[PDB]
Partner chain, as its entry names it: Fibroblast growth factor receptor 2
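As structure tokens, one chain now follows by itself in the form solved without its partner chain.
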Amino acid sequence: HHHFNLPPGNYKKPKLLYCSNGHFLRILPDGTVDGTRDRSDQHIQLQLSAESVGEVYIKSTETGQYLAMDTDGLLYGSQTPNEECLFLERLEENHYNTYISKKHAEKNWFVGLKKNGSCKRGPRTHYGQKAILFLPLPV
């Protein structure tokens, strides 16, 4: 139920995902997900991998945990790449990357960070917010 405009999606090298709200997506050891402004944080280095075209897994290079979103729309870190770890990576405003929960794609639940660094819950996100806009940057 979504467009198919895709960004370059270069997954060879690890990278950072910088949210337009000012934070780099971070996956913590305890399985917690949030955002930080510190570009030196060792938990913001991510390794993207593709499943079918346009689908990706987002994994912590440091902890090996996979980004995921539960039945309640909350982001967490998973040790295994289950159905909740698959995201549809799409271009937005012709320049940014957005990630929609494949599992909950019909509900438009995106990966999103608030200006205060906390994660947004799936239902609280939607097209048009800066919280869902990410820029893939070099580590």
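We call the rigid core whatever largest set of C-alpha positions still superposes within 1.5 Å between the two forms. Residue numbers count along the first chain shown, from 1. Residues that one form lacks are left out of the comparison.
The discussion below concerns the form solved in complex with its partner chain, not included here.
Taking the partner from elsewhere, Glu83 is found to have every heavy atom lying beyond 4.5 Å of its partner chain in the deposited bound form. Residue contact with its partner chain in the deposited bound form: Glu89 places a heavy atom within 4.5 Å of it.
By the criterion of a heavy atom within 4.5 Å, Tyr57 is counted among the residues contacting its partner chain in the deposited bound form. Of the heavy atoms in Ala50, some are within 4.5 Å of its partner chain in the deposited bound form. Contacts to its partner chain in the deposited bound form (heavy atom within 4.5 Å) from stretch 88-121: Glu89, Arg90, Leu91, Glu92, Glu93, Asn94, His95, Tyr96, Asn97. With the core fitted between the shown form and the other one, just one of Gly117, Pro123, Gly9, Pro14 shows a Cα displacement of at least 2 Å, namely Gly9. Taking only residues common to both forms and fitting on the rigid core, the CA shifts of 2 Å or more between the shown form and the other one cluster into a single run of 3 or more residues at 4-11.
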